[PDB]
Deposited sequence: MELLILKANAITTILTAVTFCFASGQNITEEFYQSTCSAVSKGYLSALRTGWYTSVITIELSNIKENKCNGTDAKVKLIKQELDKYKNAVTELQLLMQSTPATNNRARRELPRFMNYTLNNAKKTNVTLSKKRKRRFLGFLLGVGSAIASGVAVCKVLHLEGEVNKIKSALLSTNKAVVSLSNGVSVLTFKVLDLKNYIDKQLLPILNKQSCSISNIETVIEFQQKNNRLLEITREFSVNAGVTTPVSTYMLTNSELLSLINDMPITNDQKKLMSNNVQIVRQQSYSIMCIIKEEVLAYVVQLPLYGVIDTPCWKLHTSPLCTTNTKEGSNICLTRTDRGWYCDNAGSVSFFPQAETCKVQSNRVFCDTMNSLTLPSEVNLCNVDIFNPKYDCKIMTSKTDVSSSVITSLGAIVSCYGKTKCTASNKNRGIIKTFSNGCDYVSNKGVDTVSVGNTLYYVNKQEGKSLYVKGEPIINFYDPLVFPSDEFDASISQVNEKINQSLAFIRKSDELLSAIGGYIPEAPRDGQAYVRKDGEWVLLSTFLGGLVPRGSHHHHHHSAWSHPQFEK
C-alpha cells in the first residue's frame, strides 16, 4: 500500500501508494427557501418576531507556490447568481418547485441547474400560523442559522454547513447530479471533505423566495497514482562555521498523474489526505511533464532540470514524512530518534539522515520535539553520495532561490572559465 523511499544523495523522500481525487470543476445548484409575507400561543409570537428579523437582516445583506496562477474561486457560482437577478428568473424557479422539492430548471442563459427547495416556511406559516410549535421553532432555527452564517461571512461561506445543506439533502443532491458512479460513491463516502471544498453563496431575496447557490466540487480525476515529495536542506559539515555550503530541492509538494502530465501542488496544505486518498484542488497546481519524477532517482538527469535553492545557512531541522522522518543535523545541534518506552535509540551525525516510523515514535532536533506518523507502510533507504560534496565552495553560488541544477552549473562555469 503506502511506501516511502529516502534519497541520501539529495536529502529527500517520496511517499507513494496514494490515489487522486482532484477538484477539476464545479457543479452549481440553486437552493431555495420559500418565505411568508406576514404582517403556548406566545411561544410562536416570539418565534415569529425572530422570523421577521432574520428576513430583515437577509435583505440588508444583499517553496514554489509563487509560480501559481490566480483564479476566482466562486466566479462560476456568482455567474449563476447574476442570472437569478434577471426578471422572471426567480418566478421560473418558484414555478417548477411547485408540486415537488427537487427539480432541474433551465435558466434563460443556457444553464441547466439542479434546484432544491429545502425548506417550505411559506407553506408552513400560511397553513398553520395564520406539536405545531415544535416544527416552527426547528424550521425557523435553521433560517436564523443560515442567516447568521451569511452575515458574519458577507454572503459567502465555506465549508458548507449542515444548515445550508443537510446530510440528507447533500447525499441526495450528489446522487441526482449527473456524474459517474465512481464520483457518486467517492463523494458519498467523504461528505465532510466535499463540504470543505464547497461554497455557499447568498444570492437573492425576491418574490417571497430566498435563494443561494451551492458550489460543489467536480472530481474529474480519480484513482490515478499520487505521491508526496519531502525535501530538507543538504549541507556540508566542515568544522569551521560559515565555510559550509547548502542545497535544498525546492520542488516539494504533492504530485499526481493527470491526463498525460503531472499535477504539482507546491503548497501541500492545499491537499487533504484520507488514509490513502488525496484530495487536491487543481487551482493550486502546475502542470508539469511526467519527466519531473526523474528528479527523485537522478537529480542530474538530462530530461528534466531539477529545481533547487542554495545557501550558506546550515540550521538543523526535521521533516516528518508519511512513513518516517528526514533529519538535517548541522553544527552543534543535538538530534535524536526515540521509541516511546525505551528512549533514545539513534543519535544522528552531522549531515542529512532518515529514520522510519517502525520502532520510532518521536524525533528531536535541538529543542524541537516531533512526533512521527504511525501509519503502516514500507520504507526504503537509498544510499548515495550527498551531491553537495560535488561542488567547490569557493565558486558555489550562495544565494539562489528560483534556480536549478543547470542554472547553478552555468553560474559555476562562468566563475571557473573566469579564473
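Peer 1: Without any C-alpha position in the structure, which residue ranges of the deposited sequence would you list, numbering from 1?
Peer 2: According to the deposited record, C-alpha coordinates are absent for 1-26, 66-74, 98-136, 205-217, 507-568, which together make up the missing parts.
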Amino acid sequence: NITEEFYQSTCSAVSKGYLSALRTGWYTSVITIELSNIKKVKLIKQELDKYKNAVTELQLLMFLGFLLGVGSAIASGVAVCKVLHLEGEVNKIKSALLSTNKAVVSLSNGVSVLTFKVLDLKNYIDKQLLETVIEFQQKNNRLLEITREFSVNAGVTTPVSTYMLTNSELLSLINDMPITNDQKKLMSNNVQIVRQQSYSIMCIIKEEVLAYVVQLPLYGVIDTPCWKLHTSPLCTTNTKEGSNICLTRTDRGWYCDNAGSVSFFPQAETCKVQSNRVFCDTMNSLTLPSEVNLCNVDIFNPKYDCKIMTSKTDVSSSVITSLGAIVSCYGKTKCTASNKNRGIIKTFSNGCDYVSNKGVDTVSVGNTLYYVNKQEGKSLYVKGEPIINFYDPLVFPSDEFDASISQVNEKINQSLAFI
From here on, numbers count along this sequence of modelled residues.
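We call the rigid core the largest set of C-alpha positions that still match within 1.5 Å between the two forms.
Peer 1: With the rigid core as the fit anchor, does 226-234 or 177-185 show bigger C-alpha shifts in 5 other deposited structures of this protein?
Peer 2: It is 177-185 whose C-alphas lie farther from the shown form in 5 other deposited structures of this protein.
Peer 1: Following superposition on the rigid core, is the mean squared CA displacement, expressed as RMS, greater for 42-50 or for 382-390 in 5 other deposited structures of this protein?
Peer 2: More C-alpha displacement in 5 other deposited structures of this protein shows up in 42-50.
Peer 1: Once you work out the mean C-alpha B-factor for both 339-347 and 310-318 from the entry, which is higher?
Peer 2: It is 339-347.
Peer 1: Quick check on the record: does 94-102 or 220-228 carry the larger mean Cα temperature factor?
Peer 2: The recorded data point to 94-102.
Peer 1: Hey, out of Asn258, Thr236, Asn276, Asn181, whose CA B-factor is highest in the deposited coordinates?
Peer 2: Comparing C-alpha B-factors across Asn258, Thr236, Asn276, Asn181, the maximum falls on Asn181.
Peer 1: Please pick out which of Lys378, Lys383, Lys374, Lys52 has the largest Cα B-factor as recorded in the entry.
Peer 2: So the option with the highest C-alpha B-factor is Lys52.
Peer 1: Sort the modelled residues of this chain by their C-alpha B factor and say whether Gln59 lands in the lowest, middle or highest third.
Peer 2: According to the entry, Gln59 has a C-alpha B-factor in the chain's highest third.
Peer 1: By its CA B factor, does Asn37 count among the lowest, middle or highest third of the modelled residues in the chain?
Peer 2: Highest third of the chain for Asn37's C-alpha B-factor.
Peer 1: Determine, from the deposited record, the chain-internal third of the Cα B-factor for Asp353: lowest, middle or highest.
Peer 2: It belongs to the lowest third of the chain when residues are ordered by C-alpha B-factor.
Peer 1: Is the Cα B-factor recorded for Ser364 in the lowest, middle or highest third of its chain?
Peer 2: Lowest third.
Peer 1: Would you mind checking where the Cα B-factor of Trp254 ranks among the modelled residues of its chain, as the lowest, middle or highest third?
Peer 2: Lowest third, going by the recorded CA B-factors of the chain.
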